[PDB]
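Novice: sequence, then structure. It's an experimental one.
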Amino acid sequence: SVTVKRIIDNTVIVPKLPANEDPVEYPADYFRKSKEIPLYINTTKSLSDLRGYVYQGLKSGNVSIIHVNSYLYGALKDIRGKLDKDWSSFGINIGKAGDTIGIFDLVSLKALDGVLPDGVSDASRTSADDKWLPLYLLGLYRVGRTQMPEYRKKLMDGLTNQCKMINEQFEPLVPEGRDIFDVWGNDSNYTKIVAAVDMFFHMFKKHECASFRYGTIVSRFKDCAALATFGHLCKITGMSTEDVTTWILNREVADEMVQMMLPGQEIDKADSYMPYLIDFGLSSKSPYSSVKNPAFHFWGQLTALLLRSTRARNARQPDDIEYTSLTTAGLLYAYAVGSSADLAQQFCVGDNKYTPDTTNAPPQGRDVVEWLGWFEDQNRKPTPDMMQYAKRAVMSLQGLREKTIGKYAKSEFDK
Amino acid sequence: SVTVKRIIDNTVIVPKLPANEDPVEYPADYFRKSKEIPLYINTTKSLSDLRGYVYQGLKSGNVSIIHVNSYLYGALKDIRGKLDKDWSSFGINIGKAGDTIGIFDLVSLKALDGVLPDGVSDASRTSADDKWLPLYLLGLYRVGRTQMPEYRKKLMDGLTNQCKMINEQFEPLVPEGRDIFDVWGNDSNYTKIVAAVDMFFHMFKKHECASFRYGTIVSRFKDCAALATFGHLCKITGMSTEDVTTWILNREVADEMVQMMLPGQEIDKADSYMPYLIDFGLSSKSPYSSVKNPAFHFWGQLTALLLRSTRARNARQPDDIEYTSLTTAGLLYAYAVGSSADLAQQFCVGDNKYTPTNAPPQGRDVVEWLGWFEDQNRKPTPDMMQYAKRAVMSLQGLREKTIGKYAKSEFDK
Amino acid sequence: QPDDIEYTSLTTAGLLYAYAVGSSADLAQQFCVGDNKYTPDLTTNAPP
């Protein structure tokens, strides 16, 4: 099939179609360029000052990102945090035995010239400062990324978090529109700050100010949905990462799995940079994204859904994937895991179930090959019970959002 | 059948019918005339100025396209963009070898005499300039092309994009009517500008100002729907471009596929001119259009739809095509791909699945299926028509005259 | 629906033509790779 030809007149034709570039970009394969995550923050000038440029700047539609940036640098040099262990990543040392370090031993710079208010926007603001203001500011990263009454859900609670040994009201005017400060997202250095705040308090989980991760948290594995629906599939099938992996039954799902699992990227690593590849700008097209792993994302979720997952219910149904092979392979894996439970006596009193005491009855366990065999044995077309299993998984599901694998499954199966 | 005759009186008759010209026009087979994409931009006069002629010109029903044109030229000489690689197309060099180039190394001219306001519309407008105003302007290409509450959807978001790192309110008065600035579309040089802005930022995807593609994007493969529903069919059947191609089962669908796949047109090319054949005026009747590929468009979507496609649901049902052979051939392909999935162990641990009347064929070979179909008295089977009815029942909110609404009516009952 | 025409022979002849064209579609392999459906591999009253 490298070479197609029309039959009646017997002329060639080259079916070609619009290319589709943007390769992925891995964390590691970027520290092969630079060894530092440059955080340009400019006005290393007064903090007492900057604290004001932002309190006032926020109670109105205009506060410069460049200012909030610099404000955060100011509030966040709680050089607190004693590395009880070591800490490196991708070559980058960060601190060895017990070394005392702060949120920014992740390589600071300083940039350009333009900055708004003069000397003092107002003397009002005391150091009811770090206490919350940064929290609140970082928390707007989280709010900015969203779109439905979750925005007001997210703000309204990402605003009872500054009522924590503070007390207060709530600032800035317009609800949302992904517009009011949803631009901070677009700011290379802002993202770098939240990414650092999280990566830091992620490490020093017990810190007093660790409460700050409230908004800074949606940064960890930002754009790594498929990576995370992998881990969820595993957890929801109770199966091991490797055994789940064998259950991948489509070239372009395995292609993506291969792309995700690429080594020396610190995926699995305790406290690595990788989770923040996107916000630290180590990558501008993450290889763990739903969108670069559409087939994997669909399958893994559809499967988990069938296996009673609450999450998957609402996972988006990626477009331009082969739906009618991904679902089949999902159904099967779901069926396998589903029908044939994992029951096994765990405790006893000298007495336990030594277990080694029909035609076409589904396979004993969860071996891919046992099941593939069984399926081929099924003329390669999903069986009545399994399709019933599927219809039992999805009927009774209500409140399904359009274009989710949830709504997909229910339509594919309940009728 | 070249020669028909009536029987009783046995006289001839020549069934003839109204001809139907407008041939297609390919990109390539146009650089066999010219080697330059002439962008007539006139008033190479002040920009600070032009920035005003448009800010004020837009806050009111009258701003000359000729002005916005020239304004864009002014704002868009971010001569930024270092060709990390090479860059040619159709013979046209654009830059080698680290060559540093800007949005207009796509051949500028300059035209006529008439221009509206005098010296200064109003000194008001600072260089809160390129920052957005061009974006906004270009974004109105996108808005102009449309027709339903998508217009207000499209503007209302193609207006929170100038609230970016830039953040400033919305502008002209009347909602739409494909009339207020939906005429910029008709402007040979405007289109050429957006076409260039896209083709450029399409190349320099990471550029700071690449945010501009927001409206400039519906220019890429403008009028190449069939070309793109080809790629979608492929993607949706997981099949290869060539294997999908063999599955074409109608003269006039293959005729169109042949017309589309015509070589030396840079379809498949990385960053080519071809996607903009229409807007660069390299063509005035694109061979990739739904309308010149009606049969192909229908089939490919109907099929995709059957194969669960979300897109196809809403593809228009082209007229004056043979619906009842296109559907049959679509159903079949859909059935093939559908029923017989693509399963195959991908990973393992030394242990893998060595896999070796009238039941449908094992895989997705056209001939295996054609045979099977002929074996079926050439009339789609109960399960396959059930497969179709399962594909389309449960589909709701179908718009009239879409292949969606068609399928559901053809199949759910 | 034009008036003063024979409706019940025009419809019959229409139905038939419709049926012909309809039922028996137009399928035929158009492209390939050296392998195509050579088609010349029913008795009673099955349509033409």
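Specialist: Structure received. Residues are numbered from 1 along each chain as shown, chains lettered A, B, ... in the order given.

Novice: residue A:96: neighbour count?
Specialist: Residues within reach of residue A:96, counting by other C-beta atoms under 10 Å in any protein chain shown, total 11. C-beta here means a position set from N, CA and C on the backbone, and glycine is covered the same way.

Novice: try residue A:414
Specialist: So residue A:414, with other C-beta under 10 Å, has 15 neighbours.

Novice: ok, now how distant is it from residue A:186?
Specialist: Separation of residue A:414 from residue A:186 (C-beta to C-beta, to the nearest Å): 42 Å.

Novice: would you map the strands across the chain?
Specialist: Since you didn't name a chain, this refers to chain A. Assigned by DSSP state E, the strands in chain A fall at A:5-6, A:88-89, A:92-93.

Novice: right idea, wrong chain: chain C
Specialist: Applying DSSP E to chain C gives strands spanning C:31-32.

Novice: what parts of it come near chain B?
Specialist: Chain C has residues C:21-33, C:35-37, C:39, C:41-42, C:46 near chain B, with proximity defined as C-beta under 8 Å from any C-beta of the partner chain.

Novice: distance of residue A:234 from residue A:245?
Specialist: 9 Å.

Novice: any part of stretch C:31-39 near chain A?
Specialist: Yes. Using C-beta under 8 Å from any C-beta, stretch C:31-39 reaches chain A at C:31-33, C:36.

Novice: now the buried members of those residues.
Specialist: Neighbour counting over the residues of stretch C:31-39 next to chain A (16 or more other C-beta atoms under 10 Å in any protein chain shown) leaves C:31-32, C:36 as the buried ones.

Novice: ok, for residue A:191, nearest residue in space, not its chain neighbours?
Specialist: Closest residue in space to residue A:191, ignoring its immediate chain neighbours: residue A:279 at 4.0 Å, by C-beta to C-beta, 6 or more residues apart in numbering or on different chains.

Novice: what about that neighbour, how many neighbours?
Specialist: If you count neighbours by other C-beta under 10 Å, residue A:279 ends up with 27.

Novice: list the contacts of it.
Specialist: A:191-192, A:194-195, A:219, A:222 (C-beta atoms under 8 Å, 6 or more residues apart in numbering or on different chains).

Novice: domain-wise, how is chain A divided?
Specialist: Chain A is divided into the following domains under curated CATH domains: A:36-218, A:221-414.

Novice: let me have those in TSV, extended by distance to residue C:13.
Specialist: Formatted as TSV, these follow (distance: least, C-beta to C-beta, whole Å):
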stretch	distance to residue C:13
domain A:36-218	58
domain A:221-414	41
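
Novice: for residue 42, which non-adjacent residue is closest in space?
Specialist: I'll assume chain A. In space, residue A:42 is closest to residue A:111, 4.4 Å off (C-beta to C-beta, 6+ apart).

Novice: you looked at the wrong chain, it should be chain C
Specialist: Distance criterion C-beta to C-beta, 6+ apart; nearest residue to residue C:42, sequence neighbours excluded, is residue B:377 at 6.4 Å.

Novice: hang on, the earlier thing: closest to chain B among the residues of stretch C:31-39 next to chain A?
Specialist: residue C:31 (4.6 Å; C-beta to the nearest C-beta).

Novice: ok so, going back, which of the residues of chain C next to chain B count as buried?
Specialist: C:24-32, C:36-37.

Novice: and of the residues you listed, the nearest to residue C:5?
Specialist: Among these, residue C:24 lies closest to residue C:5 (C-beta to C-beta), at 27.7 Å.

Novice: ok, the closest residue to the closest one other than its chain neighbours to chain A distance?
Specialist: Ranked by C-beta to C-beta, 6+ apart and with sequence neighbours excluded, the top spatial neighbour of residue C:24 is residue B:378, at 6.0 Å. Distance of residue B:378 to chain A, given as C-beta to the nearest C-beta, to the nearest Å: 19 Å.

Novice: can you tell me how far the residue nearest to residue A:42 sits from chain C?
Specialist: 58 Å.

Novice: likewise residue A:400?
Specialist: 37 Å.

Novice: got a list of what that residue touches?
Specialist: Residue A:400 neighbours (C-beta under 8 Å, 6+ apart): A:313-314, A:406-407, A:410.

Novice: which of the residues you listed sit farthest apart?
Specialist: A:314 and A:410 (12.0 Å).

Novice: so those two - more neighbours on which side?
Specialist: residue A:410 (23 against 16).

Novice: so who does that one touch?
Specialist: Contacts of residue A:410 by C-beta under 8 Å, 6+ apart are A:394-395, A:397, A:400.

Novice: 6 Å instead?
Specialist: Contact analysis of residue A:410 by C-beta atoms under 6 Å, 6 or more residues apart in numbering or on different chains lists A:394, A:397, A:400.
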